Amino acid sequence: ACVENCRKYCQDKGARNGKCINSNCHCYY
């Protein structure tokens, strides 16, 4: 599940993009 959007959630730790996935979540570099 997501808490604050994988996008910003990952972008804060280093990531161009991100989103939620079946397994759970996944970012995008």
# chains A, B, ... in the order shown; residues from 1 in each chain; ligands from 1
>>> select_by_dssp(residues="chain A", states="strand (DSSP E)", output="PyMOL selection string")
chain A and resi 17-20+25-28
>>> residues_around(residues="region 4-17 of chain A", least_positions_apart="6", cutoff="6 Å", atoms="only C-alpha atoms", output="list in words")
residues 27, 28 and 29 of chain A
>>> write_last_selection(atoms="C-alpha atoms", output="compact mmCIF listing (two decimals), in the first residue's frame")
# COMPACT_ATOMS: atom_id res chain seq x y z
CA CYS A 27 10.13 3.64 -7.86
CA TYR A 28 11.62 4.73 -11.18
CA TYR A 29 15.11 6.08 -11.85
>>> select_by_dssp(residues="chain A", states="alpha helix (DSSP H)", output="MDAnalysis selection string")
chainID A and resid 6:11
